[PDB]
Amino acid sequence: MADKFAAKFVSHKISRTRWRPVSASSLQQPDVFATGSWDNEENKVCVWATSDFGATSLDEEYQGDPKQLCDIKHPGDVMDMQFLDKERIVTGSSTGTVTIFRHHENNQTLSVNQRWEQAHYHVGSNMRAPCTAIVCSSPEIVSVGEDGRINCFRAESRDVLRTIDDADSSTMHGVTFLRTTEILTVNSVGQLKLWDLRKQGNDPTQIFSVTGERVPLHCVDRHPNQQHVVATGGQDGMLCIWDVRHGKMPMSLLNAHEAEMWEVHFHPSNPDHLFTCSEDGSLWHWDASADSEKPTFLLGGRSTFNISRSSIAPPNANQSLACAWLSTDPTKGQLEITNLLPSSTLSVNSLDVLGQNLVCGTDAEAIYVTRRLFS
Amino acid sequence: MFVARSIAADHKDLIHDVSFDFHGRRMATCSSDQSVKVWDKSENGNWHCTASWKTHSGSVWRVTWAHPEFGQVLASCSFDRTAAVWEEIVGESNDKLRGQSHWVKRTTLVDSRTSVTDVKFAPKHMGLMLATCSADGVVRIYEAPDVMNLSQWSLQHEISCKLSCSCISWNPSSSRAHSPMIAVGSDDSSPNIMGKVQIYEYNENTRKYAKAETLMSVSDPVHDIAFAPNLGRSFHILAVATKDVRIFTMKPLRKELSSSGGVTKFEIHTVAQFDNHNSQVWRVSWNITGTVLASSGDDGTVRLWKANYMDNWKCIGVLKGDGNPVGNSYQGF
Amino acid sequence: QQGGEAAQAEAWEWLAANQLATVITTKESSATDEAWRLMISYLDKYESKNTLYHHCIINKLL
């Protein structure tokens with residue numbers, strides 16, 4: 001077993017969860033957190049509170065509870081919402097509008113500060129478009145969208161500071177920091193693209209695709225054991241890992257699945273465990289290595305069909321053992337993803353992991369949380 | 001590889017020191033121009049005259065920064081018989097707004113009527129004190145009780161250090177079984193006097209500094225004095241700057257059993273002595289890891305000395321401000 | 001002053017009963033500093049113009 005979950009039937013759909021920040025560096029769960037609607041009653045942003053950690057919280061249902069605090073309603077879905085600083089909030093609208101609040105935790109309200117009413121858009125049809133990814137390193141702000149523009153802003157402005165346009169742009173899937181002012185994305189072509197914040201121009205700053213079954217890569221993130229090595233997931237089911245600050249090269253091409261990796265996210269307390277969420281109809285915890293000989297988070301969960309918690313250790317006297325990482329030739333095997341279904345769940349659209357603690361809101365009209373990811 | 005200009009900042013007078021942030025990016029120049037100029041290495045690195053305000057009277061010899069857990073606080077000394085204290089306080093709450101800054105004299109220690117030859121904060125482990133020395137042979141030792149209570153300064157202790165105080169040094173200490181000590185190099189001129197450097201310890205049961213040692217050997221006006229950073233180093237080393245270069249190893253051979261304090265049994269070796277500068281050696285600067293020493297003198301050169309796996313010491317750099325130094329160098333036996 | 005760990009540990013039992021909590025301590029509270037600040041406080045509150053009790057404690061010390 002692995003520290004069973006608290007499920008709170010919130011009677012609500014969830015799209016975006018993002019920790020209320022206090023910047024600097026600390027371990028606690030932000031009890032305060034802002035929530036973007038999938039469709040709760042409308043599309044809105046709500047303020048919610050979670051009794052952090054199994055300590056001082058084993059109550060208010062079973063193992064804690066998040067609680068609604070206030071809310072304010074928002075045109076265009078909250079596909080993405082990141083926090084500039086402790087109480088300045090930046091969300092994208094499906095209406096193609098960049099929205100910034102200053103939250104009032106004591107007044108339990110959100111202040112409608114700054115709006116870039118103008119964003120990514122379609123040409124030849126004159127239609128508006130949402131934003132694919134927001135990038136917040138205080139106070140510099142980056143926006144990237146379907147049509148492929150670049151939207152570079154200093155904090156606190158209602159007019160575009162700059163939008164880089166190109167004679168060559170495309171659809172963008174996932175973005176990550178490579179450095180403080182260096183940026184990478186995975187695209188819908190099987191495309192790995194690079195830019196520096198200070199230096200840009202016409203057509204993508206840097207473009208990559210190579211042998212290894214280039215598939216539309218949907219999710220990218222920088223490892224919880226290092227940032228300049230990053231991981232990407234796409235259609236083919238194989239995870240691609242790279243080391244850059246100006247040049248790409250593969251750590252691994254792990255045959256971790258047979259189908260699209262929609263979103264991947266990284267374990268803090270375990271810089272080498274992963275999670276994946278997918279509206280293919282499933283959600284997996286990803287673990288180092290494979291085989292049921294180690295605690296199986298390959299078939300773990302699913303109510304029944306449960307398997308995990310197997311172990312054996314050589315004393316290194318006359319015993320030898322080898323594993324996959326010790327091979328550098330590409331095309332490695334599966335690495336232990338388990339899909340979990342308690343009794344029934346719908347599209348989980350937002351999740352968060354802090355330490356071995358996990359929260360996640362869904363289209364299953366409820367919230368699922370655990371204190372510990374293992375046992 | 002930065003070529004040297006003789007071009008200098010707009011200070012119309014001699015520039016005394018420059019002090020850098022104990023957390024980075026921030027520097028400040030103190031001069032005889034009487035205006036203190038705070039420069040800030042930008043993200044591009046371009047440091048510009050971000051602040052410049054008057055702080056003292058007379059030649060402001062030294063500016064010393066303190067870690068922000070001290071507050072963003074600084075001490076400064078000059079020909080004013082006193083020592084000035086400035087913390088930079090800003091308005092408003094720093095979330096995504098940056099208000100207006102302002103220089104704050106938390107205090108200025110009058111230091112009797114004596115010119116502050118050296119002044120600097122106190123180390124972490126011993127509480128939060130600060131030390132001032134003067135050509136009076138008297139070292140004043142001031143105290144601020146609480147975290148928001150900065151401006152107030154009470155002479156917690158004073159150590160009378162015989163000849164006029166010139167250069168001071170705190171002993172690094174991080175063990176409750178260890179004690180804080182101070183070394184004092186004297187720039188008074190007396191060939192007669194040995195032990196021109198005096199060494200004091202805190203005997204805790206006495207609650208007080210006693211004289212630990214002197215360097216009965218020294219009759220040369222000490223330019224500067226510098227403990228080696230020693231906290232994992234199970235003994236201590238001292239760098240001593242005058243016309244030559246003195247390097248001493250101080251190992252606890254007997255720590256007493258019922259008579260500790262007053263003096264504790266240390267072996268001291270002159271583990272190095274050099275005139276390689278061929279002139280009077282002003283300052284020796286340690287690496288923060290306590291493994292590297294830089295040395296400069298009148299000839300405007302700096303020689304760079306390290307310990308080996310026998311811990312012995314070599315010059316690993318010779319840098320010329322009156323000329324152009326040569327390239328790389330390596331050797332074994 | 002003549003005792004040690006057991007002495008200070010027990011002395012805290014009555015230092016708390018005398019209720020001193022204000023002012024930050026460095027490197028954790030030590031019964032020595034505790035008594036010193038306690039006596040300083042007793043001074044600064046009850047202040048005789050003639051150092052009577054200065055004398056009293058000095059003479060017990062001697």
# chains A, B, ... in the order shown; residues from 1 in each chain; ligands from 1
call {"tool": "interface_residues", "arguments": {"of": "chain A", "to": "chain B", "cutoff": "12 Å", "atoms": "only C-alpha atoms", "output": "ChimeraX atom specification"}}
result
/A:21-24,83-89,102-103,137-140,154-156,180-181,198
call {"tool": "write_last_selection", "arguments": {"atoms": "N, CA, C and O atoms", "output": "PDB file, in the first residue's frame"}}
result
ATOM      1  N   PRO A  21       2.286  31.323  -3.488  1.00  0.00           N
ATOM      2  CA  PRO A  21       3.730  31.384  -3.270  1.00  0.00           C
ATOM      3  C   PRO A  21       4.106  32.339  -2.143  1.00  0.00           C
ATOM      4  O   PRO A  21       3.372  33.262  -1.796  1.00  0.00           O
ATOM      5  N   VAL A  22       5.272  32.081  -1.567  1.00  0.00           N
ATOM      6  CA  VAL A  22       5.862  32.967  -0.575  1.00  0.00           C
ATOM      7  C   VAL A  22       7.324  33.153  -0.964  1.00  0.00           C
ATOM      8  O   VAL A  22       8.131  33.695  -0.197  1.00  0.00           O
ATOM      9  N   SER A  23       7.653  32.659  -2.158  1.00  0.00           N
ATOM     10  CA  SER A  23       8.932  32.790  -2.840  1.00  0.00           C
ATOM     11  C   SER A  23      10.058  32.294  -1.957  1.00  0.00           C
ATOM     12  O   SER A  23       9.817  31.474  -1.064  1.00  0.00           O
ATOM     13  N   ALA A  24      11.272  32.825  -2.158  1.00  0.00           N
ATOM     14  CA  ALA A  24      12.434  32.517  -1.333  1.00  0.00           C
ATOM     15  C   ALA A  24      12.722  30.998  -1.334  1.00  0.00           C
ATOM     16  O   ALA A  24      13.071  30.466  -2.391  1.00  0.00           O
ATOM     17  N   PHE A  83       2.032  32.398 -10.690  1.00  0.00           N
ATOM     18  CA  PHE A  83       2.065  33.508  -9.751  1.00  0.00           C
ATOM     19  C   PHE A  83       3.388  34.256  -9.852  1.00  0.00           C
ATOM     20  O   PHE A  83       4.460  33.662  -9.701  1.00  0.00           O
ATOM     21  N   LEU A  84       3.302  35.561 -10.123  1.00  0.00           N
ATOM     22  CA  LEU A  84       4.501  36.385 -10.231  1.00  0.00           C
ATOM     23  C   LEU A  84       5.238  36.460  -8.904  1.00  0.00           C
ATOM     24  O   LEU A  84       6.467  36.341  -8.865  1.00  0.00           O
ATOM     25  N   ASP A  85       4.504  36.657  -7.817  1.00  0.00           N
ATOM     26  CA  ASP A  85       5.079  36.742  -6.488  1.00  0.00           C
ATOM     27  C   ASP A  85       3.992  36.355  -5.491  1.00  0.00           C
ATOM     28  O   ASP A  85       2.960  35.794  -5.875  1.00  0.00           O
ATOM     29  N   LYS A  86       4.219  36.692  -4.219  1.00  0.00           N
ATOM     30  CA  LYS A  86       3.431  36.147  -3.116  1.00  0.00           C
ATOM     31  C   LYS A  86       1.927  36.284  -3.346  1.00  0.00           C
ATOM     32  O   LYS A  86       1.166  35.367  -3.016  1.00  0.00           O
ATOM     33  N   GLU A  87       1.472  37.419  -3.884  1.00  0.00           N
ATOM     34  CA  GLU A  87       0.041  37.607  -4.113  1.00  0.00           C
ATOM     35  C   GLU A  87      -0.305  38.296  -5.429  1.00  0.00           C
ATOM     36  O   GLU A  87      -1.360  38.938  -5.512  1.00  0.00           O
ATOM     37  N   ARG A  88       0.532  38.176  -6.457  1.00  0.00           N
ATOM     38  CA  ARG A  88       0.214  38.687  -7.786  1.00  0.00           C
ATOM     39  C   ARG A  88       0.039  37.503  -8.725  1.00  0.00           C
ATOM     40  O   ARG A  88       0.942  36.669  -8.859  1.00  0.00           O
ATOM     41  N   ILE A  89      -1.116  37.444  -9.381  1.00  0.00           N
ATOM     42  CA  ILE A  89      -1.593  36.241 -10.057  1.00  0.00           C
ATOM     43  C   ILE A  89      -1.749  36.550 -11.533  1.00  0.00           C
ATOM     44  O   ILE A  89      -2.311  37.592 -11.891  1.00  0.00           O
ATOM     45  N   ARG A 102      -4.223  41.050  -7.806  1.00  0.00           N
ATOM     46  CA  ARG A 102      -3.553  41.032  -6.514  1.00  0.00           C
ATOM     47  C   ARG A 102      -4.556  40.461  -5.522  1.00  0.00           C
ATOM     48  O   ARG A 102      -5.662  40.991  -5.382  1.00  0.00           O
ATOM     49  N   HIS A 103      -4.193  39.369  -4.872  1.00  0.00           N
ATOM     50  CA  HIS A 103      -5.134  38.705  -3.981  1.00  0.00           C
ATOM     51  C   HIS A 103      -5.174  39.420  -2.639  1.00  0.00           C
ATOM     52  O   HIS A 103      -4.192  40.039  -2.220  1.00  0.00           O
ATOM     53  N   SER A 137       8.952  34.637 -14.130  1.00  0.00           N
ATOM     54  CA  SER A 137      10.101  34.770 -13.236  1.00  0.00           C
ATOM     55  C   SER A 137      10.122  36.251 -12.880  1.00  0.00           C
ATOM     56  O   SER A 137      10.387  37.101 -13.735  1.00  0.00           O
ATOM     57  N   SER A 138       9.814  36.549 -11.626  1.00  0.00           N
ATOM     58  CA  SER A 138       9.478  37.913 -11.243  1.00  0.00           C
ATOM     59  C   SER A 138      10.629  38.859 -11.561  1.00  0.00           C
ATOM     60  O   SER A 138      11.784  38.559 -11.229  1.00  0.00           O
ATOM     61  N   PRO A 139      10.364  40.002 -12.203  1.00  0.00           N
ATOM     62  CA  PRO A 139       9.008  40.311 -12.663  1.00  0.00           C
ATOM     63  C   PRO A 139       8.823  40.183 -14.173  1.00  0.00           C
ATOM     64  O   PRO A 139       7.845  40.711 -14.701  1.00  0.00           O
ATOM     65  N   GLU A 140       9.739  39.502 -14.853  1.00  0.00           N
ATOM     66  CA  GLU A 140       9.676  39.357 -16.302  1.00  0.00           C
ATOM     67  C   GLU A 140       8.644  38.299 -16.673  1.00  0.00           C
ATOM     68  O   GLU A 140       8.515  37.275 -15.995  1.00  0.00           O
ATOM     69  N   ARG A 154       7.368  43.423 -19.167  1.00  0.00           N
ATOM     70  CA  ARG A 154       7.747  43.745 -17.802  1.00  0.00           C
ATOM     71  C   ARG A 154       6.464  43.796 -16.993  1.00  0.00           C
ATOM     72  O   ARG A 154       5.405  44.122 -17.538  1.00  0.00           O
ATOM     73  N   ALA A 155       6.554  43.449 -15.711  1.00  0.00           N
ATOM     74  CA  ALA A 155       5.368  43.425 -14.871  1.00  0.00           C
ATOM     75  C   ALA A 155       4.654  44.767 -14.932  1.00  0.00           C
ATOM     76  O   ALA A 155       5.270  45.799 -15.198  1.00  0.00           O
ATOM     77  N   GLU A 156       3.343  44.738 -14.705  1.00  0.00           N
ATOM     78  CA  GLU A 156       2.565  45.960 -14.547  1.00  0.00           C
ATOM     79  C   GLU A 156       2.513  46.812 -15.818  1.00  0.00           C
ATOM     80  O   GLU A 156       3.080  47.910 -15.852  1.00  0.00           O
ATOM     81  N   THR A 180      18.050  30.988 -16.163  1.00  0.00           N
ATOM     82  CA  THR A 180      17.265  32.129 -15.711  1.00  0.00           C
ATOM     83  C   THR A 180      16.634  32.876 -16.875  1.00  0.00           C
ATOM     84  O   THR A 180      15.468  33.273 -16.798  1.00  0.00           O
ATOM     85  N   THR A 181      17.388  33.081 -17.957  1.00  0.00           N
ATOM     86  CA  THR A 181      16.845  33.755 -19.125  1.00  0.00           C
ATOM     87  C   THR A 181      17.071  32.941 -20.392  1.00  0.00           C
ATOM     88  O   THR A 181      17.392  33.498 -21.445  1.00  0.00           O
ATOM     89  N   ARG A 198      17.211  37.632 -24.066  1.00  0.00           N
ATOM     90  CA  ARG A 198      17.767  38.900 -24.518  1.00  0.00           C
ATOM     91  C   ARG A 198      17.866  38.969 -26.037  1.00  0.00           C
ATOM     92  O   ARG A 198      17.733  40.050 -26.623  1.00  0.00           O
TER      93      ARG A 198
END
call {"tool": "residues_around", "arguments": {"residues": "range 145-156 of chain B", "least_positions_apart": "3", "cutoff": "7 Å", "atoms": "only C-alpha atoms", "output": "ChimeraX atom specification"}}
result
/B:106-107,140-142 /C:23-24
call {"tool": "select_by_dssp", "arguments": {"residues": "chain C", "states": "alpha helix (DSSP H)", "output": "MDAnalysis selection string"}}
result
chainID C and resid 5:17 31:45 52:61
call {"tool": "write_last_selection", "arguments": {"atoms": "C-alpha atoms", "output": "mmCIF file, in the first residue's frame"}}
result
data_model
loop_
_atom_site.group_PDB
_atom_site.id
_atom_site.type_symbol
_atom_site.label_atom_id
_atom_site.label_comp_id
_atom_site.auth_asym_id
_atom_site.auth_seq_id
_atom_site.Cartn_x
_atom_site.Cartn_y
_atom_site.Cartn_z
ATOM 1 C CA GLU C 5 23.927 21.607 34.528
ATOM 2 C CA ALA C 6 21.771 20.260 37.362
ATOM 3 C CA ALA C 7 21.988 23.634 39.080
ATOM 4 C CA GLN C 8 20.820 25.636 36.057
ATOM 5 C CA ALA C 9 18.167 23.077 35.122
ATOM 6 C CA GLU C 10 16.672 23.291 38.603
ATOM 7 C CA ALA C 11 17.127 27.071 38.733
ATOM 8 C CA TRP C 12 14.953 27.395 35.643
ATOM 9 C CA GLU C 13 12.126 25.921 37.735
ATOM 10 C CA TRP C 14 12.027 29.126 39.772
ATOM 11 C CA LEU C 15 13.197 31.443 36.993
ATOM 12 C CA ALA C 16 9.980 30.551 35.176
ATOM 13 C CA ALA C 17 8.069 31.089 38.433
ATOM 14 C CA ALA C 31 20.636 30.483 33.400
ATOM 15 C CA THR C 32 23.638 32.761 33.936
ATOM 16 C CA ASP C 33 22.376 35.424 31.536
ATOM 17 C CA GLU C 34 18.898 34.735 32.903
ATOM 18 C CA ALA C 35 19.885 35.673 36.456
ATOM 19 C CA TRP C 36 21.972 38.620 35.266
ATOM 20 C CA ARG C 37 19.105 40.163 33.307
ATOM 21 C CA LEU C 38 16.731 39.318 36.164
ATOM 22 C CA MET C 39 18.867 41.242 38.635
ATOM 23 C CA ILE C 40 19.319 44.095 36.149
ATOM 24 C CA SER C 41 15.535 44.311 35.832
ATOM 25 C CA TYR C 42 15.075 44.261 39.600
ATOM 26 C CA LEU C 43 17.535 47.147 39.686
ATOM 27 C CA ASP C 44 16.018 49.289 36.977
ATOM 28 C CA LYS C 45 12.575 48.936 38.491
ATOM 29 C CA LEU C 52 22.197 50.408 48.734
ATOM 30 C CA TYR C 53 21.633 47.109 47.072
ATOM 31 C CA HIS C 54 24.629 47.416 44.823
ATOM 32 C CA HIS C 55 26.467 47.395 48.131
ATOM 33 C CA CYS C 56 24.373 44.513 49.455
ATOM 34 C CA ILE C 57 25.218 42.107 46.653
ATOM 35 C CA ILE C 58 28.825 43.322 46.443
ATOM 36 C CA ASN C 59 29.292 42.578 50.133
ATOM 37 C CA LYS C 60 27.777 39.118 49.884
ATOM 38 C CA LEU C 61 30.123 38.526 46.948
#
call {"tool": "select_by_dssp", "arguments": {"residues": "range 70-318 of chain B", "states": "strand (DSSP E or B)", "output": "number ranges by chain"}}
result
B: 73-77, 83-90, 101-109, 116-121, 125, 127, 129-134, 138-143, 154-160, 167-170, 181-185, 197-203, 208-214, 224-227, 236-241, 245-254, 265-274, 281-286, 292-297, 301-307, 313-318
call {"tool": "interface_residues", "arguments": {"of": "chain B", "to": "chain C", "cutoff": "10 Å", "atoms": "only C-alpha atoms", "output": "list in words"}}
result
residues 124, 125, 126, 127, 128, 145, 146, 147, 176 and 205 of chain B
call {"tool": "residues_around", "arguments": {"residues": "range 165-176 of chain A", "least_positions_apart": "5", "cutoff": "8 Å", "atoms": "only C-alpha atoms", "output": "ChimeraX atom specification"}}
result
/A:132-133,144-150,183-188,201-204,217-222
call {"tool": "atom_distance", "arguments": {"atom1": "CA of residue 192 in chain B", "atom2": "CA of residue 163 in chain B"}}
result
12.8 Å
call {"tool": "atom_distance", "arguments": {"atom1": "CA of residue 263 in chain B", "atom2": "CA of residue 230 in chain B"}}
result
19.4 Å
call {"tool": "atom_distance", "arguments": {"atom1": "CA of residue 227 in chain B", "atom2": "CA of residue 168 in chain B"}}
result
9.6 Å
call {"tool": "residues_around", "arguments": {"residues": "residue 73 in chain A", "least_positions_apart": "3", "cutoff": "12 Å", "atoms": "only C-alpha atoms", "output": "compact mmCIF listing (two decimals) with C-alpha atoms, in the first residue's frame"}}
result
# COMPACT_ATOMS: atom_id res chain seq x y z
CA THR A 35 -7.85 27.57 -8.37
CA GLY A 36 -8.80 28.09 -12.02
CA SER A 37 -12.08 26.60 -13.19
CA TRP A 38 -12.58 23.77 -15.57
CA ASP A 39 -16.24 24.38 -15.00
CA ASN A 40 -17.12 24.75 -11.33
CA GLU A 41 -20.37 26.60 -11.81
CA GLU A 42 -18.94 29.05 -14.29
CA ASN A 43 -15.35 29.55 -15.25
CA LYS A 44 -13.98 31.33 -12.19
CA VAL A 45 -10.93 31.58 -9.97
CA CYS A 46 -11.53 30.51 -6.39
CA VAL A 47 -9.43 30.77 -3.26
CA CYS A 70 -14.06 33.29 -2.24
CA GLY A 76 -12.27 32.28 -21.16
CA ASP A 77 -11.12 29.09 -19.45
CA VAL A 78 -8.22 29.17 -17.00
CA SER A 93 -7.99 33.47 -20.84
CA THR A 99 -5.25 38.65 -16.47
CA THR A 109 -11.12 38.88 -2.53
CA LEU A 110 -9.19 39.21 -5.78
CA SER A 111 -8.26 42.58 -7.25
CA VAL A 112 -8.53 43.01 -11.01
call {"tool": "residues_around", "arguments": {"residues": "residue 142 in chain A", "least_positions_apart": "2", "cutoff": "6 Å", "atoms": "only C-alpha atoms", "output": "ChimeraX atom specification"}}
result
/A:134-135,151-152
call {"tool": "residues_around", "arguments": {"residues": "range 243-245 of chain A", "least_positions_apart": "4", "cutoff": "6 Å", "atoms": "only C-alpha atoms", "output": "list in words"}}
result
residues 228, 229 and 249 of chain A
